[PDB]
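So you can see what is in the structure, the chains are spelled out below.
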Amino acid sequence: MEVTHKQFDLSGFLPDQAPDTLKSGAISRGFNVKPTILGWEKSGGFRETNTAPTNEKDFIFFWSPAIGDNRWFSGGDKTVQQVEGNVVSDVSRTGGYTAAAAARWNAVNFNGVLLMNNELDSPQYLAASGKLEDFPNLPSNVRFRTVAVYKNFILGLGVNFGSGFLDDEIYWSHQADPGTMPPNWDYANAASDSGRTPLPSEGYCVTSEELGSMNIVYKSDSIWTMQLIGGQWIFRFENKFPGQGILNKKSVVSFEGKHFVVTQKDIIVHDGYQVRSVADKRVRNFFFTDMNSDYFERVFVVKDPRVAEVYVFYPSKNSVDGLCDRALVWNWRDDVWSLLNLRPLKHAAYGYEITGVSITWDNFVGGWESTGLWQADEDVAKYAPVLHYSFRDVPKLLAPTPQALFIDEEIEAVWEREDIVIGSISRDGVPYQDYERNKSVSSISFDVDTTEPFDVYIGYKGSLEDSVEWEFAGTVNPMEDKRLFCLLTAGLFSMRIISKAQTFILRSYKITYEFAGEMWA
Amino acid sequence: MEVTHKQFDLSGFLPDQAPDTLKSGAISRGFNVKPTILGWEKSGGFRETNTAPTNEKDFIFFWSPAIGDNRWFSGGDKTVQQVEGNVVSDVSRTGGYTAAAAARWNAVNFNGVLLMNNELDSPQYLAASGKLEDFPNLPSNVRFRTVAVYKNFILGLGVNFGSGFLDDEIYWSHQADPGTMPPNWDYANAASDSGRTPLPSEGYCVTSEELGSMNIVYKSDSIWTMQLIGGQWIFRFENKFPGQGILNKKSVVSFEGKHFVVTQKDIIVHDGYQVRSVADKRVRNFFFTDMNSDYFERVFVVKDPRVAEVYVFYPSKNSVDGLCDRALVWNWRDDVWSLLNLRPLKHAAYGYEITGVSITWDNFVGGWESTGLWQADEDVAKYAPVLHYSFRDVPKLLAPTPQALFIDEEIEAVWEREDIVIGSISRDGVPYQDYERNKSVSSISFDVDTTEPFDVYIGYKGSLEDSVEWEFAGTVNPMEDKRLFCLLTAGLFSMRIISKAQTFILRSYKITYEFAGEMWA
Amino acid sequence: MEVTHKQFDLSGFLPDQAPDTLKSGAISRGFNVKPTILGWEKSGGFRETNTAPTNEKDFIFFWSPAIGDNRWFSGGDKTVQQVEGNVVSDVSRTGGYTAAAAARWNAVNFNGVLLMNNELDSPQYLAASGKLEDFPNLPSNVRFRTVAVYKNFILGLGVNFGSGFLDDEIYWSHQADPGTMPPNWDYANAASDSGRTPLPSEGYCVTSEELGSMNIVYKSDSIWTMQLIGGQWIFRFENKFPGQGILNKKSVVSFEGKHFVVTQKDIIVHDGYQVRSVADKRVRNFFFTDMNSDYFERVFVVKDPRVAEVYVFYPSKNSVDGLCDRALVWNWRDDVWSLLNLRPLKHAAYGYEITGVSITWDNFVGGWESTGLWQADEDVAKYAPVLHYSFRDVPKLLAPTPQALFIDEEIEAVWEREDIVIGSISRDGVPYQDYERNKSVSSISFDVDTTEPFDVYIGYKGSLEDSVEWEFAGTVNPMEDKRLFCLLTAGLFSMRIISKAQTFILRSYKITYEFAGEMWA
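Residues numbered from 1 in each chain as written, not as in the entry; some residues may be left out. Chains lettered and ligands numbered in written order. Part of a larger assembly, values for the part shown. Heavy atoms only, no water.

Draft legend 1. Region of interest: the sheet that holds strand β14 (residues 124-125) of chain A. Residues and elements named next belong to chain A. With antiparallel pairing, the four strands of this open sheet are ordered in space as β12-β13-β14-β15. Since the sheet does not close on itself, it has two edges, and those belong to β12 (105-110) and β15 (133-134), each with one partner. The sheet contact formed by β12 and strand β13 (residues 113-118) spans six bridges and is antiparallel. Following the sheet pairing, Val-108 is matched in β13 by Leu-115. (Pairing = 2+ DSSP bridges. Helix = DSSP H or I, 4+ residues; strand = E, 2+ residues; numbered from the N terminus.)

Following this line, the structure appears as C-alpha cells:
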C-alpha cells in the first residue's frame, strides 16, 4: 500500500506531455533546479567579477591581442568602450557612432583582428591606433546589417551598400593576409578573386552563415550551403533544406560539434546531411507557447563549454521590458532539459577575468627579484570559459558560482510534480496509477543528501476535469527527522516543493496510502 | 469483470481494417476530431481574416515583391484581381481573359516574378506595369496547358503551341537572368541552349515536374527524371517507375523533404530511390471508395507547415456541387491519420494577412515622430504560413483558429467506435474479446480534461452477421459527475459520441460488465 | 475442451505442406476463394463489356493512337481484326495471312506504333493506311518467330530469315525516329549502327528479352544480359544465371518493379543481382504436379495492376481442350497465394472499354450547344486497366465484377481444411494437436459478416494411414442461427465448405470437443 519513487532515471524538463502519465521523477513545473545524475541539483549562485564598464552595457565580448591579455568592449549609443587595466571608453569611432543604436550591433571573430558591425553605421575595425576605423578601400556610401567569417575570407555577409538592403552577398575579401583585410576588395574588376552573388530565395538572409569544419551553411528561410572547392568562380552556391527558416538574429546555432538550431516552427539538430528535432514531443510546445515573444529579436543563445549545457534566454510574459528573465537549458551530453528563472537581464557572453591590485605596491626595488609574472589568481580558470551576464540592474558584472547565493541575497528554488503515478503496482517494478479508485494519504518521506531544510506544499484536486488547489505544510530539518504527517484525500495527488537553501539534493521519495473507495467527482 | 481502455497509443484513422479487431483507442468512424499525443483533440474554429476579393474566387495565391509586402490574386472568368491595400481587380490581361475559364488556370513560383498559365489563354506574366502580359518573344499562335519551374530555367512545361496539345515539352528558357525571362527562347536555332524533346510514353504528361533539391521528377503515367549535369544537350531524359501514374492535376506532391504522392491506385511516398505506400492496409480503400470521385479533377492537396499535417480535400458523394466538403488528414511527423467534415469549399492555399486601418488617422503632424513602421499585429504570424480557405458561400475569407467556432456558429464533432475489444483479459495487460459469450453492460465513465459537456449515444447489435442499431443517452456535465448508468445486452457493444463544445479532450474510458450467457443470434 | 481458430494471420494457398501440421486458417484445398486481410473473400463475378470481334479471338491487345481513343485487334487464321466504333475486321495483311496460324502470333509495344509478329508470316506493322504491311527495307525472304523492344531500338529479336531458325539475333534498328522504324536497317554494311550476334548457348533463345529500367535480360536456358553503354559496337553481350531456363513463350515475366519468373524447375523472383524462389516449400510442387501440362505452351500470365495480384492460367488434367480453366493467383504486396477455377478460356489481357450509343441521336441541331465531349461512362475506369478474358464459349467479352455472378448464372465456391490443429492447448495461445487421443465432436459455429447462407460438409477418417471419407450437413442461414449440431468421432477431423452466394466473408470458427479415448486404427 506504499509507493517509492526515485529521481535518477534522468528524465528531462517535460511540461508538454500528459502530466499525469509522466514516469517516475518527471517534472511538471520547474524552477531553476538542475536534474543531474545523482539527482536534482541547484544550479545557481554568482560571484562578483572585477569588470566594470561605467556605461551602458548592450553588447559585451571577449578577445585577446596576445597571450596573457584580457580585453572587453562595451558598446552603446554613440559609444563603444574598453575593459582593461583600470580605464574604459575611448575606442568608439571618431564621430558619434550612429543614431541611438541599441541591441542592433554585431561582433565577429576573424584571425586576431576584432570586427564590429552595426545596422546604422558602416563597419569599423580596431587597429594599433586604438580607434575603430572603417575598412581601407570600402567606399563610404555603404551601410551594412550583419557580417560573418570563413576560411581566410573575411566578410561573408549579405547586405549591399544602400537602397538595396534587402537580399545581397559579396565576397569582399580575396586570399587575405592573416591579420589585415585584403589590400583591395574590388568585385566587378577582374584583378583577382571577388564578386557579388544573388543567392535567390523568398526570404531575407539575415545573419552569419554559421560554422562547420568542412563548410559553413545558413538560411534566409531555407538552408543554403557554401563550398569553395571550385576554381572558375570559387564557392558553389547550393541549398539544403527548404523548410527550415530561422526567427531571430541572435537565435544562433552553437559552435558545438553538432549544430543546435532554433526555428520559427521547431528546434532541430543537424550537421548538414541528416536532420532531427532535438525535442519534438517534449519541449517544442512549451518553449514557443510560454509566451508569444512579441519581441522576436533580443532572444539570444550562448554555450557553456565547461558543463554540457546550453542556455536560451527567453522573455517571460510577465516580463514587460522585453528582457528574458528566464532561460531554457538543455544538456547536449545527455538528452535532458531544464528551465531557469532569473533577474531581468539584457545580454550574456563567456570569457575570462584576471583582475588584481597592481600599480600601488610598496617596495620601489630593483629588477633582480621576481615579479612572479603577475602571479596568482584564476590561473586555473584561464582555460575555463566562464560565462558573464550583463544583468540589467547592476554596474558590475557577475559570474556563476556553486553556492546558490546571488551576491548576499539568495535565489529561490521550486519543485513541482502536479500528479504522481500512484496505485496498483503490477508484475513489473514500476507501478501504474488507477484513476477509478479514490485514495487517502498516509505519510511522506524524502531522500536528501544535504542538511539544509526545505519547505513543502501539498496540492489536492477533486477530479481530473477539476483544476488544482493548494495547501502548505511546515518544513522539516532533515538532520533530526525525515518524515511528515498529514491527512487528506482527493482525486489526484499534488505536492509542491520550495527551497531557500545553499544546496538542494533530491534523491527519491516514498508515499504511503490506501485504497478506500472509488471515484465520485 | 471490467475493462479500461485508453486513447494515447496513437493509432490513426483506421476504417479499412476489420473494425472489431481494432486495438485500444482505434477509431471506426471519425468526424473532424484530431488524434494527438495527449488524446483526441478538436481541430477546428476559424477567425475572419481581412482579405476581400469582391469577385469570384477560383484560384488564390500568395506572393511578395519585397519584404513587408503582402499581395494576392483572385482569378475568374475574364478576370484576375489584386488583394492589397484597399483596392482590387484590374490586373487581368488586356482583353477578356478567355472563354469562361473556371478552375482551369495554374500558378507557379520562379524567382520573384509571378507566373500564371491557363488552358484557354496564352501565359501572361506580371510586370511593373501592373498588367499581366505575354512573354516577350513567344509567338502568338501558342496555347498552353500547364507550366513549371526549375533551377534558373523557367517554363519546365509539356504542351506545344496548337494542333499538338497531346505530348510535348520545351526548354523555353536559357541560362536566365534572375527577375526576367531569357531575352530570347529559340529552340530550333543554335544561338545558345534550348530545344524540344518528345519524352516518349503512353500517357500524357499533365503538370509540373515536381521538386527536390538534387533534381525534379514527375510522370505522364510512369515517373520520369530530369538532370542537367550533362553538357552536350543539357538534361538527361530518364525514367524511374513505370507503374505509378497520377490521377489529377491538383493532386500534387508536397514540398516536404519527403514526397507525398497520390495515384490512381494507391498513396505512395518516395524521394527518388526507394518507394512505399504511406498507408496500404489502413487508408487506401476508404479514400478511394468513399465515393467514385466522378469529378476526378478539382481534388487538390496543400501543406500545413506549422503542424505536421497535410490535407486532401475530397468530394463527398452526398456532395453534389463537386465541392469536397471533406478533407483527408495525415500526420507526417508520426504515422497517424485523421478525417474532417467541413462546409462546401472550392479551393485553399496558405499565406499571410497583415491588414489594419491606415489612411484615416487623426493627427496631420510632421515627420519627427515615429510611425512605428506600421506597428503591431500578427508580426508573430508573419513566419506562420497560416492557411486560407476559399469557402464557397462567403465573400470574406477565414483562417483556422483554436477555438472550435466557425464565425459565431459552432462546428460539430462525432466520435464512433463501432465495436470494442472487451472480454477475457489474458496474461498480457491488453484484453482479448470473446464473441461466444454474450454480455451485459454495467456502467460507463470517461476521462476528460475539459469542462464542457458532451452527448453520448449507445449502439447495440444482435450478431456480427446482423447490422448495427442505435440508442441515445443524455449527456452529463463532467464538472459534477463522471459516470452514467444504463442497462442493455447485445452481441457486440457500440457507443456513439457527439460533441458541440469549444474543446474536446478524450483520454480513456472504462467499461464494467459481466459474462451472463453465450451467443444465440 | 474447445478450440477457436481464426483466418486473419494471412497464410497462403498451401497444399504442398504436411496438411495436418498447417497453422490456423491454412487452406488444404481451395476453390477460387480469395484470402484477404479481413478474411476469406469471394473474387468472382463478371460484367458483360461492349467489345465484339464477330470472329475467332486468339490474341487480343489494347493500344491507342491518341488520347481518348480505344482500339483492339483480334487475330485468327488468315485474319486480324479491329474493335473500334462499330465495325471490325479488314486490317489483316493483303493476302491470306498464313497457313492456319493459331495461338502462335505475338504482340509488342514500341513507341506508339503497334507491331505484330507471327511464326509463319513475315512481320507486318500498322500505318495510316489501316493495312498491316511489312517493314520497309527488310528483304522478303525473311521469316520470323518472336520480336521484342528496347530503348529507341526496335526488334530486339533472335531469329534469322530462313534455313537458320535456330539461334539468332539482329540489331535490326539504328537510333530510331520515334514513330517510324529506321529508314534502313543494314547490319553487314557500316553505314551506321547495326549487326548480327550469335550469343552462344546450348538452348534456344525463344522470346522477348524482358524489361527493367536499367537494362533488359532474358535467357535461352540460362539468363543473358544486354547493356548498350559501350560505343565500339554498342551493347555488351553478357550472362547471369546458367541454371535457370524458361519453359514457355507466354510464360512471361511481369512488368512489376520486381520480376516474376516461371521456370521449368521452380518459380523464382529477382531483379538482376539477387535471386530467390517466390514460394519453394509452399507452391512449387502443386503448380507443376497438378498435371503434366503436356501442352507446355499456351500457358500465359498477365498482371492485375489494380489489386496486387498476378494470375497464371493453367490447364487442368480434367481439361482436354488444352485450355487452362484454372489460374494460379499470388499476391505481390504480401506473400499469400490463392487458386481459382473458371470456365474454359483461351487467352486474356488487360485494357479499357468506353462504348455507348452514338450516331442515332435525336436532335439535328447546330454547334452552339455542348456535346459534352462524349460525356459520361467509366471515365473513372479509364485509369483502371481492367482485365479482359477471351472466354472460349461466348461471342462477347466480359470483365471482372465484385458481385460473384457470371452473367446471370452464379459461380461456385468451395472451402476445404482437410485436418485441423485440435487438441491440447499449451502455455502459448496456439494449440497443438494430439494424434494419440481419439476425439468426439460437439458443435460448430462460424464467424461471418455476410447474410447469405452457405452449405457445410463434414469429413471423417479412421487413421492418418487411412484416407478421407465425406458426409454432408444442411446449411444454416446466419441471420437467425450461428450454430449447428452433429455427433461423430474419427481419427482426424474434416469439414468441407461450399457456397453458392453473392458474397462470402469467413472470419473465424470454434470447435467444441472432448477427449474420450485413444487411437485404435
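Draft legend 2. Inspection of empty space enclosed by the protein at higher detail. One number sums up the size of the largest cavity: a volume of about 430 Å³. Among the secondary structure elements, those contributing two or more residues to the lining of the largest cavity are β17 (153-154), β18 (156-157), β19 (170-171), β20 (216-219) and β21 (223-226) of chain C. Empty space within the second largest cavity amounts to approximately 340 Å³. Lining the second largest cavity are 25 residues; nearest its centre among them are A:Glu465, B:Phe446, B:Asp447, B:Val448 and B:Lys482. At the level of elements, β36 (439-448), β37 (454-461), β38 (469-476), β39 (483-485) and β42 (506-515) of chain B are the ones that each hand at least two residues to the lining of the second largest cavity. Taken together, the residues of the lining of the second largest cavity sort by class into 14 nonpolar, four polar and seven charged. (1 Å grid on protein atoms, 1.4 Å probe; cavity = no way out; pocket = protein on both sides within 12 Å on 5 of 7 lines; lining within 4 Å. Points joined across faces, edges and corners; volume = space filled by probe spheres on them. Nonpolar A, V, L, I, M, F, W, Y, C, P; charged D, E, K, R; others polar.)

Draft legend 3. Fine view of the relation of the copies chain A and chain B. For the match of chain A to chain B, the screw axis carries a shift of 0.0 Å, the RMSD comes to 0.0 Å, and the turn is 60 degrees. Those values place the two copies in the arrangement expected of a six-fold rotation axis. In terms of proximity to the rotation axis, the leading residue of chain A is A:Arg427, whose C-alpha is 11 Å off the axis. (Least-squares fit on C-alpha atoms.)

Draft legend 4. Fine view of the interface of chain A and chain B. Facing the 33 residues of chain A at the interface are 30 residues of chain B. Together chain A and chain B conceal approximately 2,500 Å² of surface at their shared face, both sides included; 54% is due to carbon and sulfur atoms. The interface formed by chain A and chain B includes 12 residue pairs in polar contact. Of the residues in the side of chain A that touches chain B, the class split is 13 nonpolar, eight polar and 12 charged. (Contact = heavy atoms within 4.5 Å. Buried area = accessible area lost by both parts, 1.4 Å probe. Polar contact = N/O pair within 3.5 Å; in protein donor to acceptor, adjacent residues only side chain to side chain.)

Draft legend 5. View of the pairing of strand β36 (residues 439-448) of chain C. Residue and element names in this part refer to chain C. Two strands pair when backbone bridges link them, and β36 and strand β40 (residues 489-490) are joined in this way by two bridges, in the antiparallel orientation. Note on β40: the bridge partner recorded for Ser-440 is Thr-489. Relative to strand β42 (residues 506-515), β36 runs antiparallel, the two sharing nine bridges. Residue pairing in the sheet places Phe-446 in a bridge with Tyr-509 of β42. With three bridges connecting them, β36 and strand β39 (residues 483-485) associate as antiparallel partners. Looking at the pairing, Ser-443 lines up with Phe-485 of β39.

Draft legend 6. Structural view of the interface of chain C and chain B. On the side of chain B, 33 residues touch chain C, which itself brings 30 residues to the contact. Interface of chain C and chain B: buried area, both sides summed, is about 2,500 Å²; carbon and sulfur atoms make up 54% of it. It is C:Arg333, C:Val380 and C:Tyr383 that lose the most area in chain C upon contact with chain B, and together they represent 27% of the buried surface on that side. Run the count over chain C and chain B and you get two salt bridges. Among the ionic pairs, B:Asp280 bridges to C:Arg333, the shortest N-O distance being 1.7 Å. Linking chain C to chain B there are 12 residue pairs in polar contact. Listed by contribution, the elements that provide at least two residues to the side of chain C that touches chain B are β36 and β42 of chain C. (Salt bridge = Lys/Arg side-chain N within 4 Å of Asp/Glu carboxyl O.)

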